[PDB]
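Step one of this worksheet: look at the structure below.
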Amino acid sequence: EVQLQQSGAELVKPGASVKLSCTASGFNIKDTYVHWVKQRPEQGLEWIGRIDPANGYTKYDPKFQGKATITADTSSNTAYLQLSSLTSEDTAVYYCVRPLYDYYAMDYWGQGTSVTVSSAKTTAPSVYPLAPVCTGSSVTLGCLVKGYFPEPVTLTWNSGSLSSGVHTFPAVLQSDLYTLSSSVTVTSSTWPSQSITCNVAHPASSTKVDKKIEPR
Amino acid sequence: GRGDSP
Amino acid sequence: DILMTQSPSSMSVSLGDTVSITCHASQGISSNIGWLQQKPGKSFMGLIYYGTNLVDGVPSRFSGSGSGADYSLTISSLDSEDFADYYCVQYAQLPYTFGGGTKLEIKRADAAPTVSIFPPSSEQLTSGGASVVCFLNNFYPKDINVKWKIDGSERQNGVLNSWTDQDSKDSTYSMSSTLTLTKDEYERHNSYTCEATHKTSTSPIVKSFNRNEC
Amino acid sequence: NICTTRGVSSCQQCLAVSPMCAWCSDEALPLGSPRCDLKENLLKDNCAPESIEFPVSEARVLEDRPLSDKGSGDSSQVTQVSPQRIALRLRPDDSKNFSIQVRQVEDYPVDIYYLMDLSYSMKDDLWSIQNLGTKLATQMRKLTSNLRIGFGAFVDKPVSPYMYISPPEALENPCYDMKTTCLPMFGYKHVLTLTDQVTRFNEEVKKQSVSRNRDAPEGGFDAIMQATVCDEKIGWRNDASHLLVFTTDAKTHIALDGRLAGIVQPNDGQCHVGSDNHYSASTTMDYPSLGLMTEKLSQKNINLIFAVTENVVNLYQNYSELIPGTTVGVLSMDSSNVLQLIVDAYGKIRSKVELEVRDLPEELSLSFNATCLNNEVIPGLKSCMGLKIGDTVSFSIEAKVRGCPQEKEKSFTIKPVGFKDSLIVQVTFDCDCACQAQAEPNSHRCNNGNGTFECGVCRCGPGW
Amino acid sequence: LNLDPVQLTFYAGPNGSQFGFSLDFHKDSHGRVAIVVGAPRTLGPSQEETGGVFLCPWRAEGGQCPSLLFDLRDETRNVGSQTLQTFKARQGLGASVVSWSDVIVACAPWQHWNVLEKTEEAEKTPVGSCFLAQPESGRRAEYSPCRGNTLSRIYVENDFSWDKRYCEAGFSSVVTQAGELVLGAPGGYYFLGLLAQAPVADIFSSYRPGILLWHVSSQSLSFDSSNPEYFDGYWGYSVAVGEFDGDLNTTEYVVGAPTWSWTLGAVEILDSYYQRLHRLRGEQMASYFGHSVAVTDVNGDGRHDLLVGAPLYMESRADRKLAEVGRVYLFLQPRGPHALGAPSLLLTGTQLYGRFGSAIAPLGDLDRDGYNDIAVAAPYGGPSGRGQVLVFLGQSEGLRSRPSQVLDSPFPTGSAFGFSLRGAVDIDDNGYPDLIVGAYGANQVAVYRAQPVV
Ligand SMILES: *[C@@H]1O[C@H](CO)[C@@H](O[C@@H]2O[C@H](CO)[C@@H](O[C@@H]3O[C@H](CO)[C@@H](O)[C@H](O[C@H]4O[C@H](CO)[C@@H](O)[C@H](O)[C@@H]4O)[C@@H]3O)[C@H](O)[C@H]2NC(C)=O)[C@H](O)[C@H]1NC(C)=O
Ligand SMILES: *[C@@H]1O[C@H](CO)[C@@H](O[C@@H]2O[C@H](CO)[C@@H](O)[C@H](O)[C@H]2NC(C)=O)[C@H](O)[C@H]1NC(C)=O
Ligand SMILES: *[C@@H]1O[C@H](CO)[C@@H](O)[C@H](O)[C@H]1NC(C)=O
Ligand SMILES: [Ca+2]
Ligand SMILES: [Ca+2]
Ligand SMILES: [Ca+2]
Ligand SMILES: [Ca+2]
Ligand SMILES: [Ca+2]
Ligand SMILES: [Ca+2]
Ligand SMILES: [Mg+2]
């Protein structure tokens, strides 16, 4: 079976360089072309270039000329994508791609390698409880995890107990730091009657804070 | 290659 | 560079339906086109190559068609696994170029958002900052607009938004908005509000509170 | 003796016994005297000398022109073999000897057709030989006063994949992608018919240029075949040494290679060079085989010379062994030494004398003693080597007939390979008696009409 | 011995088509035997020669045959800022044909190919191509392993390495029992010669029309060399398969290189990875030793033996003279892991220029005595030069030195009777294996039926 195992998520500072990899599994890297594609949420998919591992000849989209360099080592059955002078715009997900039958197609894809450029150092999150204002039948609480880096973080209520009826939102980049929040909805007879706690863990800095929600 | 040339 | 105009940007449909995505190149590409699938939170999978040829392993309910500069991807009888993102790509000329993409979303009856606002915590206030959070939960369709107002007047600077993917077993959407100010700037004003505008209600859903009061 | 103890019935049977046996057709012969006996014993019994039938094997010459001292002058009235014709008479199970002389006549006419590889690697060679015509003439002048030289060129079959067929520009100029120009590809073309006007060679050579093709081996063997079998166009003379000088620096295509161009039709060994002077069957007919090449070279008496570069000398030496009569020389990378190479080949070519026999009856067997160098006899040898132009050798020959053949008159030929002259041997088998031409059918003496009377005895008539 | 030379069957194609250049037997899914015939110069769509294939049903009286249709149109594809081009004019479709299972493979060794990019090009060259068909279903596929998209300039910059532009894939062909197609390409790697292999199943499942350049991952090609012994060797002029390493799980390749080592000629035996197990050198230069190869156990010991033809071999004769007559060599495979030694038998032609050994066909057991037999063609032999096929019977010690039967050509002069041969199949179902003989010069095929021994 054909599979492309790419390297783990990278995390580097602006101005530095990084070298991603794409190892062939179940076949010879030298069989077909190998392409690199860049994906961003707003911008979308962009073709960087290709290489023919057999000989080493490459093609690049002029937009990435100088920034991107594609290479390959048939000995280790791997293809590489090296980026330089990294900036914020270089923050994206990178995929390695090869065709199935058609020489020029794009059929098989690697799982993708995440790259993130930031000058921020390992910073722990600030957990702030969110209680409503001083009424209805159903009540809603919240939790704010502001100013932390890098990702990710695991948020749970009552240590996994309270699961259903919860909405944890995707983290967002607050100037070189991440911010995340989660809401939970229950009945009026559940709070403040029952105790509810916000459990946030940030493995990167090795910290696990717990804040119990208090009324006003 | 292995053809016509000195 | 060849431009790939892909439409529609998104569509709301149900299972068993037959839907068709279209792609328009800026010039003729003679069937040199491929269709791709990316499930939410996962990598890509090849569907079609050279216009009409199915990638090995792909179900036959998928089919490609077209010629010149216009092509189509069709899914007969949608399956629960087919709800995902789709992209077209041309390889007639280098550099290869991709289409904008198309997101197949689950369709359901409209639903009004559950708005909830939350004043800055004591812990944060003593830290020197102040963030007002506003949750908008379980609504449909996804199209929604939020607006922050301080003392009645709109505010645009210092606002962070975040949306969740369509929920699994209820097929709704939720949103989160956070207005971040300084402790000092926060105490200059009294009233704070977030207004939600959704097709469900012609009038905007409002929720507010007042500093130095409860 | 064996004659009497054999108890022969007729004069015919008597002679067949042994070459030493004789017969007596005399009427007045004693009671029990054997009519078949030694000629001496017969005369001792008062046998009429005229009645004696005793043939004797002999060999006298009919044509015996003296060997020429010079090959110049005369419209080929040159004699290099003597005698030219002899009459031979043999009786059953007998033999007789006769001699023959062969000379390498000085100042004999010479034809030299220069067949040149003009693929791209030979571009420099073409510059070196722009004065070969005159220089060669000056040197050969010391050996012959009748020189004629000619020129022909070859590359390879003008068809893919040997030929470049794209872009269209490459057809008119194969060297288009090299900042230069060369001729469109061609298989074989005749340029200059054999002539004594040597400056014609120089000037023709100065207007020649190279072409270019894809694969190393070239189509020289096609050119060799056509240069051989196109007599009139090339212009070979009847009475002259024929030298075909073949120059190349590469391997050569051979029979069956042509299938890579979709050509399967075997070479027919026929002429296909028209008025345009190009080989018109190049793209439709396969390369010739070594065997077919040998046959035609031998038929037209052509001495093939492989003048090739040292990187392929071994190859062509090995081919030379499969095509007898061929000579090899080491050519420089620019053909700068081809002059001396030719002069040396000519020497080596006229340094051998090898006898050959044609149309020899089944009943005759031959044997040869050779006298080469300085009167040195060499039993069972029929070929001399290490000769110089002007030298003369001789062979002693003995023919032995086995029994007596049905046909009483046959003729065969003994010719040195490559030579024009030859010795014709008219053989006559004498196994009959003269008295048989005056027999008496249904003679009154023989069983009263039931027999025939010949040579003194009674024979059982025909039908019994 | 027991082929019937009195009541023949004749099949005919169009004049000038070279009908009979190649042939083979074909069994349909039901076991019905038919004959597939190639005609390399059959006219195509634009009234130009493209070659063609015919599938003749068995009939005692023979006659004309229906066509096995293939696409004969030149193709063009604009992709990846390049232009791919195929050229089928004079491609020689049907220059080789072979049948396996219910599939037919017909090749066009001289199909040309080119790739354009702006002002540059790959060069218009004969990469060759094979066409595959499943007649009963109508399935069609192609296989052209020597096609590439590298520009001429790149080959020059790399010293013309791994240059497969003139392969002429399909020049020779053969299929393993397991259904692996092996192609001889005597022009591969700048005329060294190469071999291309790929499972038939994977050729079909990976092929789509209009692509022109696609991957067959399970394929395997032989390798380039720097040893001058291989230059202009035409390695793959002929090919065959068999069992020569004692391991029944592996299939070994037999490859002819008629001009190997400066036209000395050679035949090599390889494993499925193109590693060399044995090499048989030619006896005489230019004899084309390796022109044809045949594998079959002739001495009934269960061990495949090898036959090599050298159609241009010159025998020595009285007065130091040579006579081109052709020769065939027999190599018996010894017991256990050992190398094939000197030949066990030498068969030599008699007619001058007869080309004895131009083709060698295993016949199976013709006379049913327990030993496999063979047929050798001399397409210009016989006292009239019209062509002859000689049958040799197997025996405990190899082969009989004298033929048991001789087949004189029923066609006129120049028919090339015997240029193509194929036996070992019972077409009339009488229990005896039969022989088919091609005569492309006459555009006809002759069927000889085996009969009970007289
Ligand atoms: C022109 O013809 C000459 C003369 O035939 C030819 O030279 C010969 O080349 C062959 C092949 O290379 C040589 O054969 C060798 O003989 C020696 C003994 O002298 C052996 O030791 C060698 O054995 C090796 O090769 C064998 C197979 O051939 C193996 O069985 C063995 O294990 C070894 O690997 C080898 O046989 C031969 O010596 C010469 N002969 C002479 C007289 O030099 C030449 O190659 C031809 N030239 C061209 C360009 O065609
Ligand atoms: C060739 O030479 C041989 C000797 O080498 C000759 O043979 C001799 O012939 C004479 C004839 O009188 C015999 O007496 C000798 O006994 C022979 N010698 C031998 C050893 O055989 C022979 O005659 C010569 N042949 C020719 C044609 O001249
Ligand atoms: C035959 O040989 C003898 C010597 O044995 C010689 O004297 C004679 O001249 C020869 N005969 C002829 C005709 O050459
Ligand atoms: Ca030179
Ligand atoms: Ca050539
Ligand atoms: Ca095996
Ligand atoms: Ca055996
Ligand atoms: Ca048998
Ligand atoms: Ca039968
Ligand atoms: Mg050359």
Side-chain angles (χ1 to χ4, degrees), chain B, chain D residues 116-126 153-157 162-164 174-175 182-183 185-187 210-220 223 246-254 290 306 308-322 328 333 335, chain E residues 176-178 180 191 227-233 240-254 259-273 275-287 289 295 302-304 333 336-337 339-342:
Chain B
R2 0 194 114 79
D4 194 29
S5 54
Chain D
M116 186 171 180
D117 181 343
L118 286 191
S119 66
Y120 197 65
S121 60
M122 301 289 291
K123 193 174 182 182
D124 50 282
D125 296 68
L126 197 49
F154 68 87
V155 182
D156 211 341
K157 292 181 178 300
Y162 313 117
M163 180 173 67
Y164 296 97
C175 313
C182 60
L183 295 172
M185 194 172 171
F186 61 86
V210 302
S211 194
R212 176 173 182 256
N213 76 118
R214 187 180 271 119
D215 70 332
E218 310 296 15
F246 182 83
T247 66
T248 177
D249 60 10
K251 305 154 84 173
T252 185
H253 280 308
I254 55 176
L290 302 185
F306 285 140
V308 303
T309 54
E310 72 170 15
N311 57 311
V312 292
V313 64
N314 294 338
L315 169 62
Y316 286 96
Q317 174 66 53
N318 289 3
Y319 282 146
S320 179
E321 296 173 9
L322 298 177
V328 179
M333 295 303 298
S335 298
Chain E
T176 66
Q177 288 187 3
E180 298 164 300
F191 304 105
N227 179 6
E229 284 182 317
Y230 282 90
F231 298 0
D232 314 309
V241 298
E243 179 56 51
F244 289 94
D245 75 344
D247 179 16
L248 300 183
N249 286 327
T250 57
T251 305
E252 287 70 63
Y253 302 159
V254 174
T259 47
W260 184 81
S261 183
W262 292 271
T263 77
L264 177 63
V267 171
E268 289 182 347
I269 304 191
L270 323 160
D271 63 22
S272 58
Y273 297 98
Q275 305 305 318
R276 175 160 42 82
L277 311 185
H278 199 68
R279 180 191 292 148
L280 304 170
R281 306 169 74 89
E283 181 179 13
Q284 187 188 88
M285 289 170 50
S287 66
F289 177 94
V295 179
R303 297 193 298 276
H304 278 160
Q333 182 183 166
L340 302 173

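Basis for what follows: all heavy atoms, side chains included, without hydrogens, waters or symmetry-related copies. Reminder, nothing fancy here: chain letters follow the sequence lines and each chain counts from 1. Counting starts at 1 for both ligands and their atoms, following the listed order.
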Tell me whether E:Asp271 has at least one N, O or S atom under 3.0 Å from the Ca ion (ligand 6). no

Within-cutoff protein neighbour (heavy atom, under 4.0 Å) for atom 8 (C) of ligand 1: no

Could you tell me whether atom 37 (C) of ligand 1 has at least one protein heavy atom nearer than 4.0 Å? no

So for ligand 1, is D:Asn318 a polar contact partner (N or O within less than 3.5 Å, distance only)? yes

Decide whether the shortest distance between a heavy atom of E:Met285 and an atom of ligand 1 is less than 4.0 Å. yes

Look up atom 44 (C) of ligand 1 and tell me if a protein heavy atom lies less than 4.0 Å from it? yes

Which single N/O/S atom of B:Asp4 lies at minimum distance from the Mg ion (ligand 10)? OD1

Of all protein heavy atoms, the one nearest atom 49 (C) of ligand 1 is D:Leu315 N, 3.8 Å

D:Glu310, CD: over 12 other non-hydrogen atoms inside 6.0 angstrom: no

Atom 27 (C) of ligand 1 [closest protein heavy-atom partner, distance rounded to 0.1 Å]: E:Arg281 CD, 3.8 Å

Write the atom name of the N, O or S atom in D:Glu218 that is nearest the Mg ion (ligand 10). OE2

Shortest-distance N/O/S atom, E:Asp247 versus the Ca ion (ligand 6): O

Below 3.0 Å, any N, O or S contact between E:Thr250 and the Ca ion (ligand 6)? yes

At the Ca ion (ligand 6), what is the angle formed between atom OD1 of E:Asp245 and atom OE1 of E:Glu252, rounded to the nearest 10°? 80°

Does atom 33 (C) of ligand 1 have any protein heavy atom closer than 4.0 Å? no

From D:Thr248, does some N, O or S atom reach closer than 2.8 Å to the Mg ion (ligand 10)? no

Are there protein heavy-atom neighbours of atom 11 (C) of ligand 1 below 4.0 Å? yes

Looking at atom 2 (O) of ligand 1, is any protein heavy atom nearer than 4.0 Å to it? yes

Any protein heavy-atom neighbour for atom 23 (O) of ligand 1 (distance below 4.0 angstrom)? no

